[PDB]
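To be precise, the following lines are data.cif, and they hold mmCIF, C-alpha atoms and all ligand atoms.
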data_protein
#
loop_
_atom_site.label_atom_id
_atom_site.label_comp_id
_atom_site.auth_asym_id
_atom_site.auth_seq_id
_atom_site.Cartn_x
_atom_site.Cartn_y
_atom_site.Cartn_z
CA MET A 1 21.29 -0.92 5.04
CA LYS A 2 20.45 1.00 1.88
CA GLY A 3 21.90 4.51 1.81
CA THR A 4 18.55 6.28 2.02
CA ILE A 5 17.80 5.14 5.56
CA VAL A 6 21.39 5.45 6.77
CA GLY A 7 21.38 9.04 5.53
CA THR A 8 18.36 9.88 7.67
CA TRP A 9 20.06 8.28 10.70
CA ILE A 10 23.09 10.57 10.39
CA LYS A 11 20.94 13.69 10.15
CA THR A 12 18.79 12.51 13.07
CA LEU A 13 21.89 11.76 15.18
CA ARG A 14 23.15 15.29 14.53
CA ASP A 15 19.82 16.85 15.46
CA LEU A 16 19.82 14.86 18.71
CA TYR A 17 23.43 14.80 19.87
CA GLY A 18 25.24 17.48 17.85
CA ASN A 19 27.80 17.61 15.05
CA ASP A 20 30.80 16.88 17.29
CA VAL A 21 29.53 13.56 18.62
CA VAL A 22 28.64 12.57 15.06
CA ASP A 23 31.83 13.68 13.29
CA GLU A 24 34.03 11.72 15.69
CA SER A 25 31.73 8.71 15.43
CA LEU A 26 31.94 8.56 11.64
CA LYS A 27 35.71 9.08 11.86
CA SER A 28 35.99 6.20 14.33
CA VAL A 29 34.87 3.96 11.46
CA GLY A 30 37.06 5.57 8.81
CA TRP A 31 34.11 7.43 7.33
CA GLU A 32 34.42 11.00 6.15
CA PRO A 33 32.30 13.13 8.49
CA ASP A 34 30.66 14.79 5.63
CA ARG A 35 30.22 11.60 3.72
CA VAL A 36 27.53 11.83 1.08
CA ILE A 37 25.36 8.72 0.98
CA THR A 38 23.58 7.96 -2.28
CA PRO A 39 20.03 6.53 -2.01
CA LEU A 40 20.75 3.20 -3.73
CA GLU A 41 24.16 2.61 -2.11
CA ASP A 42 24.57 -0.27 0.36
CA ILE A 43 26.06 0.49 3.78
CA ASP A 44 27.65 -2.18 5.97
CA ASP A 45 25.37 -2.86 8.95
CA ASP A 46 28.45 -3.48 11.11
CA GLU A 47 29.79 0.02 10.44
CA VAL A 48 26.43 1.40 11.56
CA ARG A 49 26.61 -0.67 14.73
CA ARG A 50 30.06 0.72 15.47
CA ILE A 51 28.90 4.28 14.82
CA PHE A 52 25.97 3.97 17.23
CA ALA A 53 28.27 2.31 19.78
CA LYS A 54 30.58 5.32 19.67
CA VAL A 55 27.60 7.67 19.99
CA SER A 56 26.74 5.65 23.07
CA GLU A 57 30.24 6.02 24.51
CA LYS A 58 30.31 9.78 23.88
CA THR A 59 26.79 10.60 25.11
CA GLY A 60 26.58 8.23 28.07
CA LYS A 61 23.29 6.73 26.88
CA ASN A 62 23.04 3.01 26.24
CA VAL A 63 22.63 1.80 22.64
CA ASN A 64 19.02 0.68 23.21
CA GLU A 65 18.20 4.10 24.64
CA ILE A 66 19.78 5.74 21.60
CA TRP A 67 17.83 3.60 19.12
CA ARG A 68 14.59 4.50 20.88
CA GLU A 69 15.36 8.21 20.68
CA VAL A 70 16.42 7.90 17.05
CA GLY A 71 13.21 6.05 16.24
CA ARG A 72 11.11 8.86 17.67
CA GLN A 73 12.99 11.65 15.90
CA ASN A 74 13.61 9.85 12.60
CA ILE A 75 9.93 9.92 11.69
CA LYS A 76 10.29 13.70 11.44
CA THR A 77 13.46 13.41 9.37
CA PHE A 78 11.89 10.86 7.03
CA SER A 79 8.72 12.93 6.73
CA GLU A 80 10.85 15.85 5.56
CA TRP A 81 12.71 13.76 2.97
CA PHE A 82 9.72 11.67 1.79
CA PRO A 83 6.47 13.59 2.47
CA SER A 84 4.38 11.51 0.06
CA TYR A 85 4.11 8.64 2.55
CA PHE A 86 2.57 11.00 5.12
CA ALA A 87 0.63 13.52 3.04
CA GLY A 88 -3.11 13.57 3.66
CA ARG A 89 -3.07 10.36 5.68
CA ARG A 90 -4.07 9.45 9.21
CA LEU A 91 -2.26 7.27 11.74
CA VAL A 92 -4.32 4.10 11.49
CA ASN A 93 -4.15 3.96 7.69
CA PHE A 94 -0.46 4.84 7.79
CA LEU A 95 0.35 2.00 10.18
CA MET A 96 -1.75 -0.63 8.41
CA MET A 97 -0.42 0.11 4.94
CA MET A 98 3.23 -0.05 5.98
CA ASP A 99 3.74 -3.79 5.52
CA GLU A 100 2.69 -3.56 1.87
CA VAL A 101 4.88 -0.49 1.39
CA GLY A 102 7.85 -2.58 2.48
CA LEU A 103 7.01 -5.50 0.21
CA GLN A 104 6.61 -3.07 -2.71
CA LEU A 105 9.91 -1.40 -1.79
CA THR A 106 11.69 -4.75 -1.73
CA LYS A 107 10.56 -5.40 -5.31
CA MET A 108 11.51 -1.96 -6.65
CA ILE A 109 14.84 -1.60 -4.82
CA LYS A 110 17.46 -4.29 -5.35
CA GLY A 111 18.95 -5.40 -2.03
CA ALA A 112 16.43 -3.61 0.19
CA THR A 113 15.13 -5.59 3.16
CA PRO A 114 12.55 -3.57 5.14
CA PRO A 115 11.11 -5.64 8.01
CA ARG A 116 7.63 -7.16 7.89
CA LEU A 117 5.11 -5.08 9.87
CA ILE A 118 1.97 -7.20 9.57
CA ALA A 119 -0.90 -5.42 11.28
CA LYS A 120 -4.41 -6.56 12.10
CA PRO A 121 -7.53 -5.19 13.84
CA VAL A 122 -8.20 -6.84 17.20
CA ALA A 123 -10.83 -4.41 18.48
CA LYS A 124 -12.85 -1.51 17.12
CA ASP A 125 -10.13 0.73 18.54
CA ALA A 126 -7.05 -1.48 18.35
CA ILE A 127 -4.61 -3.35 16.13
CA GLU A 128 -1.76 -5.77 16.63
CA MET A 129 1.44 -5.17 14.69
CA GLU A 130 4.34 -7.62 14.52
CA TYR A 131 7.86 -6.57 13.64
CA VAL A 132 9.64 -9.46 11.91
CA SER A 133 13.24 -9.03 10.82
CA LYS A 134 16.67 -10.56 10.48
CA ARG A 135 18.05 -7.47 12.24
CA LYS A 136 16.60 -7.19 15.78
CA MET A 137 16.06 -3.41 15.97
CA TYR A 138 13.45 -3.59 18.73
CA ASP A 139 13.90 -0.13 20.27
CA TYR A 140 14.03 1.58 16.87
CA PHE A 141 10.75 -0.11 15.90
CA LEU A 142 9.08 1.01 19.12
CA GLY A 143 10.49 4.51 18.69
CA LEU A 144 9.18 4.82 15.13
CA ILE A 145 5.69 3.96 16.37
CA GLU A 146 5.87 6.71 18.99
CA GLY A 147 7.28 9.12 16.41
CA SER A 148 4.38 8.37 14.06
CA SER A 149 1.91 9.18 16.83
CA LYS A 150 3.56 12.55 17.38
CA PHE A 151 3.80 13.37 13.68
CA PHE A 152 0.11 12.62 13.10
CA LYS A 153 -0.85 14.15 16.45
CA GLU A 154 -3.04 11.18 17.31
CA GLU A 155 -2.55 9.81 20.83
CA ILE A 156 -2.13 6.07 21.27
CA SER A 157 -1.16 3.54 23.91
CA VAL A 158 1.34 0.84 22.98
CA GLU A 159 1.55 -2.47 24.82
CA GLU A 160 4.27 -5.00 24.03
CA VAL A 161 2.86 -8.52 23.84
CA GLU A 162 5.69 -10.69 22.52
CA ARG A 163 9.43 -10.43 21.95
CA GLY A 164 11.89 -13.15 20.91
CA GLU A 165 14.09 -14.70 18.22
CA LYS A 166 13.47 -17.95 16.34
CA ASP A 167 14.89 -19.47 13.16
CA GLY A 168 17.14 -16.43 13.01
CA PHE A 169 14.15 -14.08 12.87
CA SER A 170 13.58 -11.36 15.45
CA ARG A 171 9.91 -10.87 16.33
CA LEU A 172 8.18 -8.16 18.37
CA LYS A 173 4.40 -7.86 18.63
CA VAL A 174 2.61 -4.82 20.00
CA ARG A 175 -1.02 -3.99 20.66
CA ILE A 176 -1.76 -0.39 19.73
CA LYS A 177 -4.90 1.28 21.10
CA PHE A 178 -6.44 4.38 19.52
CA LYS A 179 -8.52 7.06 21.22
CA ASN A 180 -11.59 6.50 19.08
CA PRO A 181 -13.02 3.53 17.16
CA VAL A 182 -11.21 3.14 13.82
CA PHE A 183 -12.80 -0.15 12.79
CA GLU A 184 -16.33 -1.50 12.54
CA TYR A 185 -17.59 -5.03 11.98
CA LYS A 186 -18.73 -5.76 8.42
CA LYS A 187 -20.16 -8.96 6.97
CA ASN A 188 -17.60 -11.34 5.47
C1 LIG B 201 7.30 6.47 4.95
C2 LIG B 201 7.16 5.25 5.47
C3 LIG B 201 8.28 4.20 5.40
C4 LIG B 201 9.10 3.84 4.40
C5 LIG B 201 9.08 4.37 2.95
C6 LIG B 201 10.00 2.81 4.92
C7 LIG B 201 10.99 2.13 4.23
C8 LIG B 201 12.06 1.48 4.81
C9 LIG B 201 13.31 1.18 4.15
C10 LIG B 201 13.68 1.50 2.69
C11 LIG B 201 14.11 0.56 5.03
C12 LIG B 201 15.54 0.08 4.70
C13 LIG B 201 15.65 -1.42 4.47
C14 LIG B 201 17.04 -1.72 3.96
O1 LIG B 201 17.88 -0.78 3.88
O2 LIG B 201 17.33 -2.90 3.63
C15 LIG B 201 13.39 0.44 6.29
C16 LIG B 201 13.85 -0.12 7.46
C17 LIG B 201 13.13 -0.22 8.62
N1 LIG B 201 11.78 0.11 8.74
FE1 LIG B 201 10.74 1.43 7.50
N2 LIG B 201 9.69 2.61 6.25
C18 LIG B 201 8.65 3.45 6.58
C19 LIG B 201 8.05 3.56 7.80
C20 LIG B 201 8.27 2.69 8.84
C21 LIG B 201 7.46 2.53 10.02
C22 LIG B 201 6.19 3.35 10.32
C23 LIG B 201 8.03 1.57 10.78
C24 LIG B 201 7.55 1.01 12.14
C25 LIG B 201 6.33 1.25 12.62
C26 LIG B 201 9.19 1.09 10.08
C27 LIG B 201 10.04 0.11 10.51
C28 LIG B 201 11.32 -0.10 10.03
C29 LIG B 201 12.40 -0.60 10.85
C30 LIG B 201 12.31 -0.97 12.35
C31 LIG B 201 13.61 -0.69 9.91
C32 LIG B 201 15.03 -1.16 10.30
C33 LIG B 201 15.38 -2.45 9.56
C34 LIG B 201 15.05 -3.64 10.42
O3 LIG B 201 14.80 -3.46 11.64
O4 LIG B 201 15.04 -4.78 9.89
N3 LIG B 201 9.32 1.79 8.90
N4 LIG B 201 12.14 1.03 6.12
#

Written as C-alpha cells, that's how I'd like the structure from this file.
Amino acid sequence: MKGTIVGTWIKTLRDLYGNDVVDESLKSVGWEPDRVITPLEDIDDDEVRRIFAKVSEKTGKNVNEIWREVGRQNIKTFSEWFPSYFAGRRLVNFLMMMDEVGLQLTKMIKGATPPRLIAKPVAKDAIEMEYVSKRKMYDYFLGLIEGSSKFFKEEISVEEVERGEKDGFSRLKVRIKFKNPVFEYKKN
C-alpha cells in the first residue's frame, strides 16, 4: 500500500483500540511505534497483514471484524485528511464518481493500485457497485460503504449479491438502495 492510506489506518486503529494495542502491534513487525509514513512511500502489504493480525490477537476480535470496523471509522479519518473529496457532495454522487477517482489516482501516483469500484443505476433508487481487486479486502470495502453513509448522513440499505475470486481477482458486488429516488429515466 501507498503510505497515505496506511497512515490513515494507523490513526484509525488508535482511535478504535488505543495507543497500547497499536504500539505493540507496530513493534511486533519491527516498526517504530511513532513511525512517520510519507504519502508517496510504499508499505509492504504483508507487514500490514501482520499488524492487523496482532491487533486481532490483542483485542480478541477476528481480522474480518477488525477490517469492517476500520472501514467504518476510516471514512472519518480520510475525510479529515482529504476533505476535498467530500466537500459539498452527496452520497450518490460520491459513490458513483469513486471508480474514476481511482483510475485518475493510478495515473497520477506511481505504484498506486486502488480497486475498481464500477457502479451503475439499477433502479430509480438503487445502484450496483462491484469491488474488483488483487487484494481481497471484502470487509474493509463493506465498512467504507457504511462509513460513507454515516459521514453523509444519508441512510441506505446494502445487499451483497456476489462474492468470489477468479483469475486472481477478488470480486464483491453489492446492491445499494437509497431512501429517495436519485435517478430518472432519460432518452438515450
Ligand atoms: C476520498 C475518496 C477516496 C480516495 C481519494 C481513495 C483512494 C484510495 C487510495 C489512494 C488507495 C490506495 C491504493 C494503493 O495504495 O495502492 C485506496 C485503496 C482502497 N480503496 Fe479508496 N479512496 C476513496 C474512497 C473509497 C471508497 C468510498 C471506497 C469503497 C466504497 C474505497 C475502496 C477502497 C478499498 C477497499 C481499498 C483497499 C485496497 C484494495 O482493497 O484493493 N475507497 N483508495

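Compared by their closest atoms to residue 169 in chain A, and using only C-alpha atoms, the residues A:15, A:47, A:130, A:42 rank with A:130 nearest.
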
Query raised in the report: Residues at most 9 Å from ligand LIG 201 (chain B), using all atoms listed in the file? Could they come as number ranges by chain?
Result: A: 1-6, 42-43, 71, 75, 78-79, 82-86, 94-95, 98-99, 101-102, 105-106, 109, 111-117, 129, 131-148, 170

**Report entry** Top pick for closest residue to residue 11 in chain A, considering A:80, A:159, A:32, A:41 and counting all atoms listed in the file
**Finding:** A:80

Query raised in the report: Closest to residue 87 in chain A among A:100, A:151, A:121, A:70, using all atoms listed in the file?
Result: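 Selected residue with least distance to residue 87 in chain A: A:151.
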
Near residue 90 in chain A, counting all atoms listed in the file, which residues have an atom at most 12 Å away, once you skip same-chain residues fewer than 6 positions from it, shown as a short mmCIF file (atom, residue, chain, number, x, y, z; two decimals) with C-alpha atoms, in the frame of the given file?
data_model
loop_
_atom_site.label_atom_id
_atom_site.label_comp_id
_atom_site.auth_asym_id
_atom_site.auth_seq_id
_atom_site.Cartn_x
_atom_site.Cartn_y
_atom_site.Cartn_z
CA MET A 96 -1.75 -0.63 8.41
CA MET A 97 -0.42 0.11 4.94
CA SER A 148 4.38 8.37 14.06
CA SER A 149 1.91 9.18 16.83
CA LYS A 150 3.56 12.55 17.38
CA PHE A 151 3.80 13.37 13.68
CA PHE A 152 0.11 12.62 13.10
CA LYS A 153 -0.85 14.15 16.45
CA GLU A 154 -3.04 11.18 17.31
CA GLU A 155 -2.55 9.81 20.83
CA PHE A 178 -6.44 4.38 19.52
CA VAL A 182 -11.21 3.14 13.82
#

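Using all atoms listed in the file for every distance, the candidate list A:17, A:9, A:31, A:183 yields A:9 as the residue closest to residue 76 in chain A.
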
Hey, could you pull the box centre and edge lengths for range 104-109 of chain A, axis-aligned, 3 Å padding per side, all listed atoms, to one decimal in Å, as lines of an AutoDock Vina configuration file?
center_x = 10.7
center_y = -3.4
center_z = -4.2
size_x = 14.2
size_y = 10.0
size_z = 10.9
